[PDB]
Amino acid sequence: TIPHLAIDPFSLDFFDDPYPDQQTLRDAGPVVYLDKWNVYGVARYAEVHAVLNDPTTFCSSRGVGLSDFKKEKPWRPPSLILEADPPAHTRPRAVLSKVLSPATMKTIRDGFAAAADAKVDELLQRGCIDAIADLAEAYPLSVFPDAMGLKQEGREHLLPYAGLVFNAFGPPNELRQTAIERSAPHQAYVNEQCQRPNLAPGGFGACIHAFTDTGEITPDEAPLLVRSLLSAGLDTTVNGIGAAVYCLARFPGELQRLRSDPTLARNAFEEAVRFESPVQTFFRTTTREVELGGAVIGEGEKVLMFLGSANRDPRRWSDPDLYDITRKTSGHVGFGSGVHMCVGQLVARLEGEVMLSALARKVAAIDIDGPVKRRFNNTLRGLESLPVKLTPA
């Protein structure tokens, strides 16, 4: 009843060009079995959305990577938010929601926007830049560590640590095992910065620690919730902003529409998140035998969700393979869906909006002028290098 496929969604061949294989996965059926890793897969929007929105049946506390925490030891202490189910999930989630809330966004927006405008002005003086290192990486590095309240020393560990986290959700392939082999210095740095005395007043980290007396979290939970933001909040935005720049370089008609109405900046970024889905995949584990899209899945089984595929499923989207900055993107799953839906989405959108606004107001053309290089990661999609020439407006 369930078709078996040999596609390896964690192979470099897949990362290099996932879209044909994702159509094969969607068209094979609502539920597939991936013999390569002995997991179920769902690649259509309908089933991905259904799985995300039934956390009781498709739980996260046994890991959202391939590894089943009931069978293997986690490579690090489990996340108190990502790798927790209700009810344990609920109060830590509420704390991070209030830390990364609308009020916090109002406090940081002006500085995030000034930093984006200044970066674009700087890049325009250079003309020919690498939109990854010099923009997608440089801009979040110029705002997010400071907003966290991190000291200056040691920030070179942040991107390696995040790459490690997202590789570690994958299977035990060379990407994962190499990342884990080199991880000790990055974990040591990150875990240390999660302690209250190392987080500057008023930053996201100090705000988490300041929530440890309401009855929602205890002081011993705060370091791991800081760890969540340092795991999830930098590399994702790098790939999201890089995706948006890549899209504007490949779809010049859409750059021209954005220039003509810079208030499209926020939707242009959201559409980039749908179109390139920086977080491509992750898992749930079934807590019982369940029927999904006509197929029966046993208890204790890993289910791989293809978020990027769901965001390109023609059963849900018109012209899914077009980048359209006026698309109604509501319902895309690039930030997830349901109780775990990205708690940092307002930070992500703020960064992407103010960067695309700066581009819309200051740049007339973005032309690829060098070899484009992909960055390979078990669960993130993004570029390693994006050489562009920026023409000033």
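Just count from 1 along the sequence shown to find any residue number. C-alpha atoms forming the largest set that superposes within 1.5 Å between two forms make up the rigid core.
Core superposition of the other structures onto this form places the C-alphas of 212 to 220 farther off in 5 other deposited structures of this protein than those of the other stretch among 110 to 118 and 212 to 220. Comparing the deposited coordinates for 226 to 234 and 172 to 180, the stretch with the larger average C-alpha B-factor is 172 to 180. According to the PDB record, 358 to 366 carries the higher mean C-alpha B-factor of the two stretches 358 to 366 and 342 to 350. When the Cα B-factors of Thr56, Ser60, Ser337, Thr326 are read from the PDB record, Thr56 comes out highest.
In the deposited coordinates, the residue among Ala136, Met148, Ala88, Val99 with the greatest CA B-factor is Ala88. When the modelled residues of the chain are ordered by their C-alpha B factor, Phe166 lands in the lowest third. The entry lists a Cα temperature factor for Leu390 that places it in the highest third of the chain's modelled residues. Sort the chain's modelled residues by C-alpha temperature factor and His49 lands in the middle third, per the entry.
Residue-level temperature factors show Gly240 in the middle third of its chain, judged at the C-alpha atom. Residue-level temperature factors show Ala272 in the lowest third of its chain, judged at the C-alpha atom.
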